[PDB]
Structures are given as C-alpha cells and as structure tokens.
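Below, in structure tokens: the form deposited in one PDB entry, a single chain.
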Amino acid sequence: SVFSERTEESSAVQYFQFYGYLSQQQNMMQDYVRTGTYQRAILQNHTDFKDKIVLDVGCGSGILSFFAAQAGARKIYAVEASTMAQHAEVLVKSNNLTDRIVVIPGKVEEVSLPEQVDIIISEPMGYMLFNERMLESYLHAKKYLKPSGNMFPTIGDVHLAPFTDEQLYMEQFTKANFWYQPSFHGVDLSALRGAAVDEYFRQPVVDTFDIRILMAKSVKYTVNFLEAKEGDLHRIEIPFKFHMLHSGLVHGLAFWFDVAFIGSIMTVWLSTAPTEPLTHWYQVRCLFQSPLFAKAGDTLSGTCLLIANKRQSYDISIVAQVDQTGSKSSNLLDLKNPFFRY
C-alpha cells in the first residue's frame, strides 16, 4: 500500500505500538483545549453532521466519532491501525452506539469502506503540523470523499518567525561543548566536537516561550486540505522575508500552527500559537548553529524546505540571510528526534 511504500517497517511498528497504549490516549484527552475545541467545532456545526456519513481517520479512543454521533451523524466509519481499535470498540458498545459507529481496524490506505462519505474528520497534526506524516493519510482518505464533501479540519496555517533566546542557545551549545575536552579520564574527545554540535543542533526544540522573544511578525503558509494531494506533502517549500522589528541576534526560527474547521454555521479555529493557551503541540524552535545579527528595519530572507523521509518525519533545511549585510546561515534539522524541553 501507499503507507508501506513510504514507511520503513521498524518506524511503523514503533509508531503504532506507541499509540496502542491507554496512558498515551489519557495524556492526549487531557489536552482540554484540543478536545474542547474539536467538540465545539463539530457540535456547533451540527448541520454538517446531521444524518450524514462520516469517516474518522485514525480514531484512536474514538472520541471524535462520539462527537460526530452527538451532532446527529447517521453513520460513522472509524478507521484505526493500532490496537487502540479494540478499546474503541469497547467504548462504542458501552455507550450504546453500535448502530452509529463502525470501527474498522487497519490503515486508511489499506482498508475497504462500503460507501463514500459526506465528511472526513481527523486529528492528523504532529509537531510543526507535519511531523508523523499523518496529513498524507488524511489526504489519501479523500478517495472516499463524495464530490463537495467537507474536511475537518479544513485548512492549516503554519506560522514562522525569527526569535532571540540566548539562554536556549547557550544551553544547547554548552551541552555540545562537553566534547571539547582534551583529557576526559585521560582521553582527548575534541575531534568529535563538531559531530556533537551537529547532533545537538539538528534537534528541534519543543516547548513554549514568551512572544517577547520574536523579532518580526510571523510569515504564514497555508495548506488547504480540501485541495491538496498527498504528493504535495513530500516536499514543502516555504519562502520567507521578515522585516525586523528589533535589533539583536537571531538564534533561529519559531514554528506554530493553526487549523480551521470551516463549517456551514461558523468557522472554529484551533491554535497552537504562543499568544494562545498552551496545547500538547507546544511550539517548535529550530536553532541556528551560528546566530545572525540584524538591525531593526533589516530584512531576513530565505527558505525553509521540508523533505519527507521514510521514518514518518521530515528533514528540515533552513537557509536564511540578512540582506543588508550578506550574513548567511544554513541549517539541517531532524524533526524525528526533537528535544522536549518542557
């Protein structure tokens, strides 16, 4: 299938094993912004579910299918590839909804559905939106979507902005400088310093931060899920031109995302911005190995390039430049191995 065609088997095993655990499900359900926002988007747009056929892609514990049933769906097919599917079936029986919610075990790329659906619901967003590469499964599920069917979420906005954070930079730099040691128990480690710094600087930093560290207004990059094809997510190129509002050192770029549920009654937004209550997606910063100095009024321009890999993640290229001085920075980051600083 398309899933095994883009996924190393060891990565898939670890991934689905991880999501089979009830403790993980408990952790995600306790993100109240996330669960309450999903419920609000589905229930306040009840007309998009009343007597309709719905597909829930990666239903996990099944919570979104319960929301869809509460809003009046006639039938919901809930597709889930991990052993969580078994737990989801247990809940469907204990809540007396077997006439409404049909759990289908398997990958959405591999299963067979009996009919086309009026609406697709899912929670396919990983860190930085794109990590885990579940957006591609979500878009693949459009083969089951009737013409003029809807998607929940409907669109995704990624935000990027340059930041300054000397304490974060020094934390990572001093960790790497352990390898500057010429006599660690009598041994010279310093030939590996460059390797160690590379290793540490490829790790995107998952945590939250004050918005005072941002040095420019965010640039926005939009994926419309009603219109994107899976192959659009293999290579994601985000050009950027920042107009610097503060002078100082740019230590890297900060990423967050909002998704929008564009319903017939209202549009509901779920935001992981640092100006909004905290979610289990936090925010993500990519550090430059060498920061760039900039003056207020300067322009920081460049490209953020995401290349999908077979470990369900992305290789990140950030190339950036201060136009007024020609100072340049090039960075390669490994989204699969984040540093959870929370």
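C-alpha atoms forming the largest set that superposes within 1.5 Å between two forms make up the rigid core. Sequential numbering from 1, following the sequence displayed.
Same protein, other form: the form deposited in another entry, not shown, and the subject of what follows.
Enquirer: Considering only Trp269, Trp179, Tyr200, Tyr221, single out the residue whose C-alpha is displaced by at least 2 Å between the shown form and the other one after superposing the rigid core.
Expert: With the rigid core superposed, the residue that stands out is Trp179.
Enquirer: Superposing on the rigid core, does the Cα of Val111 end up 2 Å or more away between the shown form and the other one?
Expert: Comparing the forms between the shown form and the other one, which are aligned on their rigid core, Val111 does not shift its C-alpha by 2 Å or more.
Enquirer: Superposing on the rigid core, do we see a C-alpha displacement of 2 Å or more at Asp188 between the shown form and the other one?
Expert: Comparing forms between the shown form and the other one, the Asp188 CA shifts at least 2 Å.
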